[PDB]
Ligand SMILES: [Ca+2]
Ligand SMILES: [Ca+2]
Ligand SMILES: [Ca+2]
Ligand SMILES: [Ca+2]
Ligand SMILES: [Ca+2]
Ligand SMILES: [Ca+2]
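Protein chains in written order, with the entry's author numbering: chain A, 0 to 207; chain A', 0 to 207. A prime marks a further copy of an entry chain.
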């Protein structure tokens with residue numbers, strides 16, 4: 000009451016040999032004597048999700064890819080094994096496939112072409128670069144991307160989250176170098192120990 | 000209402016890199032605007048179980064061995080981030096570590112010494128042999144044992160579940176063979192494709 004408890008979570012991409020227990024239907028009249036038969040209709044019910052009608056345990060029959068389906072709405076019933084009358088009214092619940100970090104961040108193009116005026120002030124922006132990341136930006140952080148500059152410093156910087164590359168050095172007269180070659184990295188998981196990553200190269204002209 | 004939904008399941012022995020989402024506290028007033036702070040007290044709360052106080056997501060910080068602990072009772076609170084007053088009254092819930100089949104059935108002794116009269120009728124019992132199995136006899140069937148006879152047939156049989164060895168051949172005059180050597184197997188998972196197993200040897204004398 001007040002609190003909401005009717006949803007179940009399932010770790011995606013499970014490939015162990017024994018089926019994942021998603022959750023259980025269960026009624027408060029159930030003395031667990033066995034006179035009660037639970038019934039499960041709805042999405043994947045019977046196919047992906049399968050219930051033991053005494054215990055009321057639902058189990059996942061398949062490896063699930065949360066990239067394919069995040070949710071399933073299912074319907075619980077419970078009828079009296081003898082009278083066959085219902086013992087609870089039928090109610091919905093949702094199983095939600097928990098995201099796992101199984102996709103590495105990927106850059107929109109993996110060669111950007113930028114240009115910026117010769118004597119620009121330190122801080123002047125050059126180009127926005129962004130990585131899409133196929134995991135769940137909603138729930139996890141297998142989708143929280145951090146941008147680092149790998150090659151191209153001390154000439155240029157990149158904004159930690161925005162992924163914008165700005166000049167980072169004063170009096171950058173053009174004679175100096177013909178065209179600058181930078182490499183930006185994008186990392187999962189707010190870039191922590193573990194996070195999957197991907198890079199790109201930006202090639203910058205200093206305009207006159 | 001009627002239906003009971005406040006318990007969460009956690010697959011044991013998880014060793015993937017990303018933490019298992021156990022479940023989430025969540026209130027029906029929560030428009031998910033963020034003014035609501037969830038709080039988790041109880042067993043392993045703070046140690047094994049850890050909550051994001053906006054999303055209300057609980058995650059498992061450790062690999063769990065369901066052999067060590069099957070349950071944890073936890074307490075949910077939810078207070079208003081601004082007024083700090085509570086928004087739900089505090090309520091208990093239990094997370095239940097789901098059993099995995101990680102123990103193979105083991106025989107009480109792995110050399111039994113049995114004896115049975117010479118001319119016994121087919122069917123006469125010789126000895127009960129039982130395997131303990133360290134997994135959850137309650138929930139799964141990683142603990143449902145089946146007994147087969149491996150060596151010793153056609154002289155003797157073994158009862159599929161009881162594990163009792165009985166003679167299975169008429170007129171078994173003793174002159175014949177000095178002492179009979181049988182091997183019994185015990186298999187997990189009602190002995191299906193997969194099930195872990197273990198054996199023993201029974202050494203039978205035919206008495207005069
Ligand atoms: Ca996936
Ligand atoms: Ca994923
Ligand atoms: Ca990712
Ligand atoms: Ca274990
Ligand atoms: Ca186990
Ligand atoms: Ca076992």
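Where a beta carbon is used, it is the ideal one built from N, C-alpha and C, also for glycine.
Which residues DSSP lists as bridging residue i, in chain order
{"i": "residue 179 (chain A)", "result": "A:203"}
{"i": "residue 41 (chain A)", "result": "A:73"}
{"i": "residue 125 (chain A')", "result": "Per DSSP, none; premise fails for residue 125 (chain A')."}
{"i": "residue 26 (chain A)", "result": "A':2"}
{"i": "residue 166 (chain A)", "result": "A:155"}
{"i": "residue 87 (chain A')", "result": "A':77"}
{"i": "residue 97 (chain A)", "result": "A:10"}
{"i": "residue 184 (chain A')", "result": "A':147 and A':198"}
{"i": "residue 50 (chain A')", "result": "A':57"}
{"i": "residue 116 (chain A')", "result": "A':206"}
{"i": "residue 131 (chain A')", "result": "A':105"}
{"i": "residue 20 (chain A)", "result": "A:58"}
{"i": "residue 111 (chain A)", "result": "A:201"}
Cβ neighbour criterion (16 or more within 10 Å) applied to residue i
{"i": "residue 175 (chain A)", "result": "exposed"}
{"i": "residue 87 (chain A)", "result": "buried"}
{"i": "residue 25 (chain A)", "result": "buried"}
{"i": "residue 248 (chain A)", "result": "Since the first residue of chain A shown is 0 and the last is 207, residue 248 (chain A) is not available in this structure."}
{"i": "residue 188 (chain A)", "result": "buried"}
{"i": "residue 166 (chain A')", "result": "buried"}
{"i": "residue 109 (chain A)", "result": "exposed"}
{"i": "residue 144 (chain A)", "result": "buried"}
{"i": "residue 33 (chain A)", "result": "exposed"}
{"i": "residue 159 (chain A')", "result": "exposed"}
{"i": "residue 83 (chain A')", "result": "exposed"}
{"i": "residue 98 (chain A)", "result": "buried"}
{"i": "residue 194 (chain A')", "result": "buried"}
{"i": "residue 23 (chain A')", "result": "buried"}
{"i": "residue 139 (chain A)", "result": "buried"}
{"i": "residue 91 (chain A)", "result": "exposed"}
{"i": "residue 28 (chain A)", "result": "exposed"}
Minimum C-alpha distance to residue i - residue among the options
{"i": "residue 112 (chain A')", "options": "A':126, A':99 and A':105", "result": "A':126"}
{"i": "residue 123 (chain A')", "options": "A':69, A':97, A':171 and A':66", "result": "A':171"}
{"i": "residue 96 (chain A)", "options": "A:75, A:6, A:15 and A:191", "result": "A:6"}
{"i": "residue 199 (chain A)", "options": "A:129, A:68 and A:11", "result": "A:129"}
{"i": "residue 62 (chain A)", "options": "A:190, A:14, A:33 and A:79", "result": "A:14"}
{"i": "residue 181 (chain A')", "options": "A':192, A':190 and A':163", "result": "A':163"}
{"i": "residue 49 (chain A')", "options": "A':20, A':0 and A':193", "result": "A':20"}
{"i": "residue 156 (chain A)", "options": "A:107, A:183 and A:140", "result": "A:183"}
{"i": "residue 76 (chain A')", "options": "A':102, A':52 and A':68", "result": "A':52"}
{"i": "residue 190 (chain A)", "options": "A:46, A:148 and A:206", "result": "A:148"}
{"i": "residue 30 (chain A)", "options": "A:204, A:90 and A:54", "result": "A:54"}
{"i": "residue 114 (chain A)", "options": "A:69, A:201 and A:23", "result": "A:201"}
{"i": "residue 85 (chain A)", "options": "A':1, A':161 and A':206", "result": "A':1"}
{"i": "residue 41 (chain A)", "options": "A:72, A:67, A:116 and A:32", "result": "A:72"}
{"i": "residue 142 (chain A')", "options": "A':22, A':117 and A':186", "result": "A':186"}
{"i": "residue 151 (chain A')", "options": "A':69, A':140, A':204 and A':57", "result": "A':204"}
{"i": "residue 93 (chain A')", "options": "A':106, A':107 and A':74", "result": "A':74"}
{"i": "residue 107 (chain A')", "options": "A':206, A':207, A':197 and A':12", "result": "A':197"}
{"i": "residue 43 (chain A')", "options": "A':146, A':207, A':173 and A':70", "result": "A':70"}
{"i": "residue 12 (chain A)", "options": "A:161, A:173, A:102 and A:177", "result": "A:102"}
{"i": "residue 37 (chain A')", "options": "A':78, A':146, A':137 and A':173", "result": "A':78"}
{"i": "residue 89 (chain A)", "options": "A:192, A:39 and A:137", "result": "A:39"}
{"i": "residue 137 (chain A')", "options": "A:47, A:46, A:45 and A:56", "result": "A:56"}
Nearest-angstrom Cβ-Cβ length linking residue i and residue j, presumed shorter than 8 Å
{"i": "residue 100 (chain A)", "j": "residue 17 (chain A')", "result": "5 Å"}
{"i": "residue 104 (chain A)", "j": "residue 132 (chain A)", "result": "4 Å"}
{"i": "residue 154 (chain A)", "j": "residue 168 (chain A)", "result": "6 Å"}
{"i": "residue 59 (chain A')", "j": "residue 3 (chain A')", "result": "Residue 59 (chain A') to residue 3 (chain A'), Cβ: 22 Å. No contact."}
{"i": "residue 80 (chain A')", "j": "residue 35 (chain A')", "result": "6 Å"}
{"i": "residue 206 (chain A')", "j": "residue 117 (chain A')", "result": "6 Å"}
Check: residue i C-beta below 7 Å from any heavy atom of ligand 8
{"i": "residue 84 (chain A)", "result": "For ligand 8, the structure offers nothing, since it holds only ligand 1, ligand 2, ligand 3, ligand 4, ligand 5 and ligand 6."}
Contact set between the segment 44 to 78 of chain A and chain A', restricted to residues whose Cβ is under 7 Å from the partner | Listed in sequence order: 75.
Residues of the segment 11 to 26 of chain A' whose Cβ lies closer than 8 Å to any Cβ of chain A, in chain order | 13, 15, 16, 17, 19, 20, 21, 22, 23, 24, 25 and 26
Chain A contacts from the segment 31 to 45 of chain A' (Cβ-Cβ distance under 7 Å) = none
Closer than 9 Å, Cβ to Cβ, to anything on chain A: give me those residues from the segment 77 to 93 of chain A', in chain order.
-> 77, 86, 87, 88, 90 and 92
Could you list the residues in the segment 112 to 137 of chain A with a C-beta less than 9 Å from some C-beta on chain A', going in chain order?
-> Result list empty, no residue passes.
Using a Cβ cut-off of 9 Å, which residues of the segment 145 to 172 of chain A contact any Cβ in chain A', in chain order?
-> none
Just by C-beta distance, which residues in the segment 169 to 196 of chain A' are closer than 7 Å to chain A?
-> 193
Going along the chain, which residues of the segment 95 to 113 of chain A' sit with their C-beta nearer than 8 Å to a C-beta in chain A?
-> 97, 99 and 100
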